[PDB]
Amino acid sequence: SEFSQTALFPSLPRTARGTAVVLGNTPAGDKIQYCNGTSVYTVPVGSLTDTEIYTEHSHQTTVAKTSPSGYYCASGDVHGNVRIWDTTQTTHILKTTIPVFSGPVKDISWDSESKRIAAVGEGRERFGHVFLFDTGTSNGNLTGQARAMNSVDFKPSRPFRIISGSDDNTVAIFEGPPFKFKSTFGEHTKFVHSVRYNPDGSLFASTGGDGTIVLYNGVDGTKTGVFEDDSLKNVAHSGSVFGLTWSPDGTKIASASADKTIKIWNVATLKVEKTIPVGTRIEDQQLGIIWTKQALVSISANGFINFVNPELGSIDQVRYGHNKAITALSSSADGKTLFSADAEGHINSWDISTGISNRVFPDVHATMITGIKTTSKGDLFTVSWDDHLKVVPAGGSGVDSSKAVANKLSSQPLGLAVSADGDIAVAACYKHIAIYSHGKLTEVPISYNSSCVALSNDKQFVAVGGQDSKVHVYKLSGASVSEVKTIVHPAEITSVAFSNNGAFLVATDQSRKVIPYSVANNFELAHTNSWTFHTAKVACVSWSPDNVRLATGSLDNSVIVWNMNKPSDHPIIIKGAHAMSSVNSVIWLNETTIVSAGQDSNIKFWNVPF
């Protein structure tokens, strides 16, 4: 009512080296599903801003699958929980939730009728469970394999069957309902990571650590062939195969491997038609893959989403982003570009209007970036816990990190402020106020530990928040500072910002207070009202271009919009702006538009009318 979300640049899937990423998809195949944090993402192969998120799991999400009917989605987590919910409405009403076993769910499978669900993983009491979706009633017994079950799939045609892959190196097949163990197959010599039936259920294939792909008769599970690459010796891949998927017509199979390639195989000839190399880096290993009626997607170890053109044997599109906590944002002066930085030093550029992303490479930092700022000349200023302040030139690749000027800092940078043109940059460090201008770094030692910084638009003031529960305001001339005000807070300062017109300075502290000061009144309190609505640490603050409204992001998952003109009015509270996640950064793109980023790797845009 008082606000609405206009867009989302979604988190990439969570990844773990040498671990499979299982994807789900909608009936039309127009959208895929994957997980990060405690959420389930439904990403369209069409849009880049209309992804949908479902965040009701209380534990780290592992896999999510939408029913053939398309009305429901069954998602599991590391604790063995499987939630079944409506995907059609913004309410996502829970139909059923059930703890299938004590341990992480690794894969889930809906049956053709959308009446049954099979879940496999690492339980103490069992590695798999099959039950009716609406009632939660057991539909059989998946006992049979000795170790964790990594993959599971229903035979889409009658007579119904269920196949599974396990860490015991075996493939198992069950018949029913009620489902019961039928047989085990031992073609594989290492962990089985993926087992899948073709669209008509006449056949299914398996693959895993041994790098081989075996083909089987869908009803009895008798081996009918193996896919081998003529360029290799009796194997399909030169390393572990984390997943395989069938083309819509069932004539081809695509596999994703640790050998950094995606291969398209012809089912009839059992030969590889095309090998699609992603790159030479360990980040290029392929950990998951899925072929829908509208797209073939493969996931890199770095989280990137690769759209494959099976016909041309090439990568059509690649979506970048983040799967680790976003820690800083900056938007271009012209409002067309947004830069985002994360806890692991990765930076992405985004076209604000389209959502198209670009990953800065090589990385500007190998660790935690606590500040980033773009300037009117394309330069990109950054500070990181590798104790450096770097300036990266622009649009030649867009940001040739390869030509960034690095400057070692004396102490850890916790905040960054840079003038519009990049003439002056100031970094609040643990034991210094670092100033960079005209290619020279000057570091003023301070007797307190700073926590944040803000530079006034006219470049005359520098406000430094401190762990001494004080806001130190200085008049700046070159790298020479003169303190003109020391503002006392009841707790440690967490963030600061000057309004564009320089009329106000706002500071937030660990007591959860948000306090603005009148610069014209020598930094005296602008109002007596207590703006203490956040129920958790305030992590960031930013002013609207109107110099009246401001916004704060907090560890309590919300963004709050404050109004300097009506201090006693209740503020606008976007509750759960970033569900189960802290809002680390916020910026006003215009008088009624805010962009937020959180620990959840999500970047959200909000419209907040006057």
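The numbering used is simple: start at 1 and walk along the sequence shown.
Taking the PDB entry as given, 214 to 222 carries the higher mean Cα B factor of the two stretches 214 to 222 and 457 to 465.
For the pair 136 to 144 and 468 to 476, the mean B factor over Cα atoms is greater in 136 to 144. Considering 385, 517, 71, 197 together, the PDB entry gives 71 the largest C-alpha B factor.
When the C-alpha B-factors of 113, 351, 273, 259 are ranked from the entry, the top spot goes to 113. Ranked by C-alpha B-factor against the other modelled residues of its chain, residue 57 falls in the middle third. The deposited CA B-factor of residue 536 belongs to the highest third of values across its chain.
Per-chain ranking of the deposited C-alpha B factor places residue 76 in the lowest third. Compared with the other modelled residues of the chain, the Cα B-factor recorded for residue 19 ranks in the highest third. Residue 445: CA B factor lies in the middle third for its chain, per the PDB record.
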